[PDB]
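Notes for the structure review
Below are the chains, spelled out letter by letter.
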Amino acid sequence: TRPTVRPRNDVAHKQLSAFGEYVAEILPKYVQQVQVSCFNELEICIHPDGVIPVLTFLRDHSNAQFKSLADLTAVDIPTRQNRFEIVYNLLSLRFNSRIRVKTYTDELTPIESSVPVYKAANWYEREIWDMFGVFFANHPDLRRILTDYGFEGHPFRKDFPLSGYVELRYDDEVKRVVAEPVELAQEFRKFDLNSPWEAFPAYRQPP
Amino acid sequence: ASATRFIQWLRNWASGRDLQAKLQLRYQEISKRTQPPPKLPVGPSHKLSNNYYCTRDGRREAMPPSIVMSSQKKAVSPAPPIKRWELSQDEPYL
Amino acid sequence: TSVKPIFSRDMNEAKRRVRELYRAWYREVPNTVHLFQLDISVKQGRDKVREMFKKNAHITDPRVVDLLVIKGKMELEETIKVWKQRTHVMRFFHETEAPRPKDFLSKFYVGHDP
Amino acid sequence: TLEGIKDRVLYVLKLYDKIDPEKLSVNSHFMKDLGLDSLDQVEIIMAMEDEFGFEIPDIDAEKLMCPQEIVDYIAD
Amino acid sequence: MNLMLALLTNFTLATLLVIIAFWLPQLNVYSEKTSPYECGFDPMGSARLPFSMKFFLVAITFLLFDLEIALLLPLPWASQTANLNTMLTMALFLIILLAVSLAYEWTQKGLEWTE
Amino acid sequence: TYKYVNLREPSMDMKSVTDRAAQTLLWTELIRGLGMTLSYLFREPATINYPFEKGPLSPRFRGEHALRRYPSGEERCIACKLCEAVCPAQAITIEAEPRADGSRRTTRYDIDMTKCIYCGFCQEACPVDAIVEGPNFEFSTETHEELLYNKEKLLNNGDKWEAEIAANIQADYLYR
Amino acid sequence: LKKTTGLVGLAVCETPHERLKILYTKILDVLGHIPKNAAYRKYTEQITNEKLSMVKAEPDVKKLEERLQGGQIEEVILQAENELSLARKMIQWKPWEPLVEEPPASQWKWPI
Amino acid sequence: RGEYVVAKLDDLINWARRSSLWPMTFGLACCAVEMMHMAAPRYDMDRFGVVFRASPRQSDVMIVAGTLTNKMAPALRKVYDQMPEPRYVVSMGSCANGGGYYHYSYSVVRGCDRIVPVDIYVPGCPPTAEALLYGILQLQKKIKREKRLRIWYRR
Ligand SMILES: CCCCCCCCCCCCCCCCCC(=O)OC[C@H](COP(=O)([O-])OCC[N+](C)(C)C)OC(=O)CCCCCCCCCCCCCCCCC
Ligand SMILES: CCCCCCCCCCCCCCCCCC(=O)OC[C@H](COP(=O)(O)OCCN)OC(=O)CCCCCCCCCCCCCCCCC
Ligand SMILES: CCCCCCCCCCCCO[C@@H]1O[C@H](CO)[C@@H](O[C@H]2O[C@H](CO)[C@@H](O)[C@H](O)[C@H]2O)[C@H](O)[C@H]1O
Ligand SMILES: CCCCCCCCCCCCO[C@@H]1O[C@H](CO)[C@@H](O[C@H]2O[C@H](CO)[C@@H](O)[C@H](O)[C@H]2O)[C@H](O)[C@H]1O
Ligand code: SF4
Ligand code: SF4
Ligand code: SF4
């Protein structure tokens, strides 16, 4: 028990690994990878076709009972041909456990809406559509939720600029708020922070 | 604190409480606004020996996730079922 | 080259969705001008709708067409339910922006942008 | 009332300004003769739905390319 | 006269206050200022559109009940009658029938608003 | 452990039923609520007499910024740009060059007070106690431009407020 | 008998033992149409039979609830209904089949 | 003397307007919490004659208390336009002052003074309740300096 180091909980790591292969055995048609991190979080990586079967099984199966959808988000990784990773974080009150289910998609491929499994997913999918442009099929009411009316683009994409492309002001001549190309009195100052020396050998990639 | 006796009685009666024991205005029970200087303790890594950083480096013990299954016997649950909560013995019913 | 469709299985099916959207926008312009009390005419509003459809005339990918139609439907819904305000409707007309001439010389005189 | 429809339809095609009345005939093709495109044709079809007061589906509408073929269509 | 003079003075005083209110302050009128208020966004639909009344049946019952009090307000004078046996019976009779009508409308769920 | 906030069964003895009938008809629990507001009427109010009286603050208070000096009068800032690097808002802008005597000193030091989030990271990062957040919070202005501080303004703030700032640092530097 | 389950909208069940026997027996019947070697069948039959054993051998509701470790007996009934709904859905999905498709080369590599 | 009279009449209307400032019940984000603390008993803005009123038709001041986003900008301008005159705008906090922590966001207006004219800028993130009160008293002293009738007399 070194005072400044986070302790290891090996019992949880074993328990989550066992359940990890339990899910892989039952849904082999969809599960592509199962992993448990060093802080005991289980992630299930699935083919996108299995979003409804996998989520339904985790919610309904008597040995899972993941009744609460804590969070549903997306991550943009431009270097992948399927740049968007969709992440479901689920909570099981019966077994006091959490699980993460991950799938993928690209700009033109729809993902099945999981509202039929979790009613919570309604607004989360609208946010993903709004901020990333991922289309969810059979969504009851898919439209922007966070961005301005008529806003063009998907801001949370890595290649969308931080300050966007247009800004607003009030114009006295037309007596209304107008949108115009963005000019900054002070350009945002890009900082190059990364040290040129490797920090974590444990994560080194092969050359 | 400066209320007359009759006024203290009146508001005590109206509220049903003894309001003078727990006034919501602060008087002299609060700390002085000037204090003696502190002398704060040091941490467990403040030593001159037996203190090599490589033996107390939490970041370098973090590891990549264990791959349980990749695409390259009894049923289990993620954890044991949660134990049922017990009623409070302090005050079970409000 | 085998991909999951959004709606249309081919450009022939996609072009049908485009035409239905164009009708919906064409019918709505008279309502938009009246409800929002715009000072443009129905002809200007319908010319603008035509301008927006024309800029995407070169698409040959049915999935891209399907996404353009989905956004077109969303934009139409925002207008019909008056979620958009007058400022949002008029943003299509860029009334406060000065012309930027496209000839080489005109750009050359004003700055370094190509 | 077939005889009158050839006048109603031609009445509309004359209002649609992009058409040149001198170049317009009951058999002028919207694309090749009159110099129109798909959206112009769509607009023409919408104007017809008003005078005759009924809906023309897209599967039906796309086949109507000459002033005549509309008359044949209205008859039904 | 005193009554008409009093009413004229009150409503003239109110009218003068409005005249001053409109002609004394500096005005600056433009379209956006005078637009209808709805918490910052333009209204959706006219305010003249029909507004459903969920208490419509109580409203009609008010008309019938509001006429009952016209029949009851003479009771202080009716109590000066020598024929107090009849007057007391008819006074109680009228109020009871009002109570019966209330109890009927209550038991039949007329006092619940339409949902 | 848990408790129930609202799971109780009223008693049905005639006394309890009448006690509730009196409550319903005589408004006893509404009268009781009037008693509470009456008691407050006769309590001294908590209002202080601003601007003649001021709300209490502590030496750690983060207010208007100021650039400080050494006792000799030399500037403490040596243009290291740590404050500029850490600023979460990118509110700081700095340029520097060798001074005419060779010293490492700034020629620009701006804080956009309309960008700043008054977080105090800059004074944590400063290795020489040059940039501080002083105790002043009464410096609202009539124009936006008046809140774009340059080095002259920030140095004047330090000279203006140094008497208080030095005492505030004296009280708290042993917690830092 | 319970006056309340404590969970809003969850009605108290008058006959929980018989209701559980109906549901578990229905669950087992539905699993019969799943392939024998499908892991969903083998695991769900195993855990479904354990609950059916415990319902049969325990007549007291409270003592049965303690054995099942599923909360109120009404919570356990709901879970049985949920499992039955899942078993029917599994028949159309057939997730015991081999993986539909491998991901691209570096789909799950992190950090990039 | 005409000048003496209009000078005294300016004092009366200036006194009446600053003594009876009714902000619009308008708050946007964190800064509205400190605005709530100005109404709370310690500062009791009501004691200066400062009373919140919901309707813009019955408001004299707009305190922009928080971030103004692009989606919100047309609404803020709308309720400002709907205030009868004279009307004043107090910009509260870095977000309203110039964008603050979100200055570089694609969805934020870099200062509410791009949308409405601003009389007073209250710095801070958030300004303390006392700092906002200092800003209101500063607004009062600005109104006290107005010379509408004096300038009208010399037109
Ligand atoms: C219970 C009832 C309470 C009633 C309270 C009554 C208020 C009592 C205090 C009155 C103070 C004097 C009025 C000054 C306020 C005028 C408003 C203002 O600020 O205007 C600025 C304006 C400023 O105008 P300006 O020329 O400087 O510039 C405005 C034009 N632009 C926009 C281009 C700049 O002042 C005036 O225009 C005239 C000022 C004259 C002041 C004397 C008022 C005479 C009153 C007669 C008015 C005629 C209508 C009759 C009304 C009934 C008469 C009582
Ligand atoms: C000799 C034979 C004699 C025969 C005659 C005998 C007659 C006397 C006995 C009859 C009973 C006497 C009391 C009658 C008073 C009216 C009581 C009443 O109407 O209260 C009921 C009403 C409803 O309460 P609620 O619980 O919501 O609903 C009941 C269940 N449906 O509750 C309410 O009204 C709630 C009101 C809410 C608003 C209250 C706000 C003000 C409260 C403070 C006022 C204090 C009263 C001060 C009065 C000043 C008078 C000048
Ligand atoms: C839905 C239908 C409901 C109908 C309900 C009708 C209720 C009527 C109840 C009876 C009301 C009057 O009741 C009756 O009043 C009269 C006088 O007022 C009383 O009469 C008494 O006083 C009068 C004079 O005041 C004397 O002449 C008389 O000798 C004396 O007995 C009666 O003793 C009493 O029985
Ligand atoms: C002579 C005048 C004085 C006598 C009183 C005359 C008025 C009588 C009023 C109606 C009496 C009976 O009619 C009425 O029926 C309805 C049934 O829906 C009951 O109403 C019931 O639902 C309503 C709404 O929830 C509530 O009043 C109450 O919770 C419940 O009792 C009333 O309790 C009962 O009073
Ligand atoms: S207080 Fe924070 S936001 Fe302000 S200048 Fe310092 S580091 Fe930047
Ligand atoms: S951290 Fe201190 S010394 Fe360095 S540039 Fe900022 S104010 Fe100057
Ligand atoms: S200025 Fe600061 S406190 Fe005020 S709304 Fe912006 S982030 Fe919140």
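Up top you'll find the structure we're talking about.
First things first, this report covers the structure right here in the doc. Positions along each chain are numbered from 1 by the written sequence. They may not match the entry numbering, and residues without coordinates are not shown. Whichever chain is written first is A, and whichever ligand is written first is 1; the rest continue in order. Bear in mind the chains here are only a fraction of a larger assembly, and the values reflect that fraction. As a convention, hydrogens and water are excluded, and side-chain values are obtained from all of the structure's heavy atoms.

A short note on the overall build of chain H
Helix numbering and strand numbering both begin at the N terminus, where a helix is a DSSP run of H or I of at least 4 residues and a strand a DSSP run of E of at least 2. Scanning chain H from N- to C-terminus turns up six helices and three strands. Helices and strands in chain H line up, N terminus first, as α-α-β-α-β-α-β-α-α. The globule rule is 2.2 Å times the number of residues to the power 0.38, and the radius of gyration it is compared with is taken over C-alpha atoms. For a compact globule of 155 residues, the expected C-alpha radius of gyration is about 15 Å, and chain H comes in at 16 Å, within 12% of that figure. With the principal axes as the frame, chain H shows a C-alpha extent of 60 × 35 × 25 Å. Between buried and exposed lies partly exposed: a residue is buried under 20% and exposed over 50% of the maximum accessible area for its type, with that area taken using a 1.4 Å probe on protein chains only. Residues classed as buried in chain H amount to 57% of the 155 residues present. Should any heavy atoms of two residues lie within 4.5 Å, those residues are considered in contact. Pairs at least 24 residues apart make up 79% of the contacts formed inside chain H by residues separated by at least 6 positions.

Here we look at the overall build of chain F
The secondary structure content of chain F amounts to five helices and five strands. When the helices and strands of chain F are read in sequence order from the N terminus, they spell out α-α-β-α-β-β-α-β-β-α. A compact globule built from 176 residues would reach a C-alpha radius of gyration of about 16 Å, whereas chain F, at 29 Å, exceeds it by more than 25%. Considering only C-alpha atoms, chain F reaches an extent of 100 × 45 × 35 Å along its principal axes. Each of the 176 residues in chain F was classed as buried or not, and the buried ones make up 39%. Restricting to contacts in chain F with at least 6 residues of sequence separation, those with at least 24 account for 70%. Each charge sign in chain F was given a centre, from 22 positive and 27 negative side chains, and these centres are 6 Å apart. The charge count includes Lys and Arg as positive and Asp and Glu as negative, but it does not include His or the ends of the chains. A charged residue contributes its charge at one atom only: NZ of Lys, CZ of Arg, CG of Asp or CD of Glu.

Structural notes on the site of ligand 1
Whether a residue is near a molecule or strand is decided by its heavy atoms; if any one of them lies within 4 Å of it, the residue is near. Close contacts around ligand 1 come from E:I20, E:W23, E:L24, E:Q26, H:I13, H:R17, H:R148, H:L149, H:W152 and H:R155, and that covers them all. Those chains with residues close to ligand 1 are chains E and H. A distance of 3.0 Å is found between an oxygen atom of ligand 1 and a side-chain nitrogen or oxygen belonging to H:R155. Notes on ligand 1: free accessible area 1,300 Å², of which the protein chains cover 47%. Counting only elements with at least two residues in the shell around ligand 1, the list comes to α1 (2–23) of chain E together with α1 (2–19) and α6 (148–153) of chain H. Residue contributions to the shell around ligand 1 peak at three residues, all from α6(H). Grouping the amino acids of the shell around ligand 1 by side-chain chemistry returns six nonpolar, one polar and three charged. Polar contact is the term for a pair of N or O atoms within 3.5 Å; when the atoms are in protein, one must be able to donate a hydrogen and the other to accept it, and sequence-neighboring residues count only if both atoms are side-chain atoms. Surface accessibility follows the Shrake-Rupley procedure with a 1.4 Å probe radius. Residue values consider only the protein chains on display as shielding. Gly is put with the polar residues, along with every residue not named as nonpolar or charged; the nonpolar set is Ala, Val, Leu, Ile, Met, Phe, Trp, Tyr, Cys and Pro, and the charged set is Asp, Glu, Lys and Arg.

With respect to the pairing of strand β2 (residues 88–92) of chain H
Residues and elements named next belong to chain H. Burial of β2 is extensive: five of the five residues sit out of reach of the surface. Residue alternation in β2 divides its side chains into two sets, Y88, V90 and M92 and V89 and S91, and both sets are buried. Any two strands between which DSSP finds at least two bridges are classified as paired. As paired strands, strand β1 (residues 61–65) and β2 are joined by five bridges and run parallel to one another. Across the sheet, the residue bridging to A65 is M92, located in β2. The parallel pair β1 and β2, bridged by helix α3 (residues 73–81), forms a crossover whose chirality is right-handed. Bridging between β2 and strand β3 (residues 120–122) involves three bridges; their strand directions are parallel. Each bridged residue has a counterpart across the sheet, and for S91 the counterpart in β3 is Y121. The path from the first strand over the helix to the second decides the hand: if it runs clockwise while the strands point away from the viewer, the crossover is right-handed.

A closer look at the interface of chain A and chain G
Each partner contributes to the interface: chain A provides 34 residues, whereas chain G provides 35 residues. Roughly 3,000 Å² is buried in total at the junction of chain A and chain G, and carbon and sulfur atoms are behind 59% of that figure. Whenever a carboxyl oxygen of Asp or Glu lies within 4 Å of a side-chain nitrogen of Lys or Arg, that contact is scored as a salt bridge. Across the contact surface, chain A and chain G share one salt bridge. Counting the contacts that link chain A with chain G gives 19 residue pairs in polar contact. Mapped onto the side of chain A that touches chain G, the elements with two or more residues apiece are α1 (10–26), β1 (31–36), β2 (42–46), α2 (51–60) and β5 (97–105) of chain A. Buried area: the sum, over both parts, of the accessible surface (1.4 Å probe) that disappears when the two are put together.

A closer look at the sheet that holds β1(H)
All names here are of chain H. Read across the open sheet, the three strands follow the order β1-β2-β3; overall the sheet is parallel. Lying at the two open borders of the sheet, with one neighbouring strand each, are β1 and β3. The mean inter-strand angle of the sheet, taken between neighbouring strand axes irrespective of direction, is 20°. This element, helix α5 (residues 129–144), spans β1, β2 and β3 of the sheet and lies at about 170° to β3. Axis angles are defined between N-to-C directions and span 0 to 180 degrees, where every axis is a line fitted to C-alpha atoms and, for a helix, only to the segment in contact.

A word on the interface of chain H and chain F
Contact residues are listed per partner, giving 33 residues for chain H and 28 residues for chain F. When the two sides are added together, the surface that chain H and chain F hide from each other amounts to roughly 2,500 Å², 58% of it contributed by carbon and sulfur. Summed over the three residues of chain H that lose the most area to chain F, namely H:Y121, H:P123 and H:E130, the buried surface amounts to 23% of that side. Connecting chain H to chain F are three salt bridges. Put simply, H:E130 and F:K54 hold a salt bridge, and the shortest N to O gap is 3.4 Å. In this assembly, chain H and chain F are joined by 13 residue pairs in polar contact. Within the residue set of the side of chain H that touches chain F, elements represented by two or more residues are α4 (93–98), β3 and α5 of chain H. Among the elements that take part in the side of chain H that touches chain F, α5(H) stands out by supplying eight residues, more than any other. Considered class by class, the residues forming the side of chain H that touches chain F number 15 nonpolar, ten polar and eight charged.

A closer look at the nonpolar core
Residues enter a nonpolar core if they are buried and are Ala, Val, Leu, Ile, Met, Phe, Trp, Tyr or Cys, with the set joined through side-chain atoms within 4.5 Å. Formed by 72 residues in total, the largest nonpolar core has its most connected members in A:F57, A:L58, A:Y88 and A:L90. Looking at which element gives the most residues to this core, the answer is helix α4 (residues 73–93) of chain G, with nine residues. Discounting chain neighbours no more than four positions away, the residues touching A:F57 are A:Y22, A:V23, A:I26, A:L27, A:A64, G:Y40, G:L86 and G:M90. Membership of the second largest hydrophobic core comes to 47 residues, among which are F:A91, F:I111, F:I131 and H:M24.

Some points on the sheet that holds strand β1 (residues 66–70) of chain B
Strand order in this open sheet of six strands is β3(A)-β4(A)-β5(A)-β2(A)-β1(A)-β1(B), and the pairing throughout is mixed. On the outer flanks of this sheet lie β3 (68–76) of chain A together with β1 of chain B, each paired with one strand and no other. Looking at each pair of strands side by side, their axes are set apart by 20° on average, direction ignored. The strands touched by α1(A) are β1, β2 and β5 of chain A together with β1 of chain B; relative to β1(A), the strand with the most contacts, the crossing angle is about 175°. Packing against the sheet, α2(A) makes contact with β2, β4 (84–92) and β5 of chain A, and its axis sits at approximately 175° to β5(A).

Concerning the pattern of salt bridges
Residues and elements named next belong to chain A. Under the definition given, this model contains 71 salt bridges over all chains. For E107, the salt bridge is made with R83, and the minimal N-O distance between the two is 3.1 Å. Of this pair, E107 sits in the loop between β5 and β6 (111–112) while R83 sits in the loop between β3 and β4, and the two are 24 residues apart along the sequence. For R83, a relative accessible area of 9% gives the class buried.

A look at the environment of F:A166
Along the polypeptide, F:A166 turns up in helix α5 (residues 151–172). Distance in space between the C-alpha atoms of F:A166 and F:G134 is 9.6 Å, their sequence separation being 32 residues.

A short note on the packing of helix α1 (residues 16–31) of chain G against α4(G)
All names here are of chain G. Direction vectors running N to C along α1 and α4 enclose 15°, while the axes themselves pass 9 Å from each other. As far as their axial angle goes, α4 and α1 are roughly parallel. Crossing handedness for the pair α1 and α4: left-handed. Contacts between α1 and α4 involve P16, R19, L20, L23, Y24, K26, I27, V30 and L31 from the first element and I73, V76, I77, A80, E81, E83, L84, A87, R88 and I91 from the second. Looking at the contact of α1 with α4, its residues break down into 14 nonpolar, no polar and five charged. By definition in this entry, angles of less than 35 degrees are roughly parallel, angles greater than 145 are roughly antiparallel, angles of 65 to 115 are roughly perpendicular, and the rest are oblique. Left-handed describes a crossing whose near helix is turned anticlockwise from the far helix by less than a right angle; the clockwise case is right-handed.

Some thoughts on the side chain of C:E28
Residue and element names in this part refer to chain C. Mapped onto the fold, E28 is located in helix α1 (residues 11–36). Among buried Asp, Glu, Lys and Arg side chains, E28 stands out as unpaired, with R46 the closest opposite charge at 8.9 Å. Setting aside its immediate chain neighbours within four residues, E28 contacts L76 and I80.

Here we look at helix α2 (residues 39–57) of chain G
Its 19 residues give α2(G) an end-to-end C-alpha distance of 27 Å, which sits within 8% of 27 Å, the value for a rise of 1.5 Å per residue. For α2(G), every residue scored as buried is listed here: G:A39, G:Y40, G:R41, G:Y43, G:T44, G:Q46, G:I47, G:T48, G:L52, G:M54 and G:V55. Looking at the buried residues of α2(G), the elements they touch are α1 and α2 of chain A together with α1, α3 (61–68) and α4 of chain G. To estimate the expected span of a helix, subtract one from its residue number and multiply by 1.5 Å.

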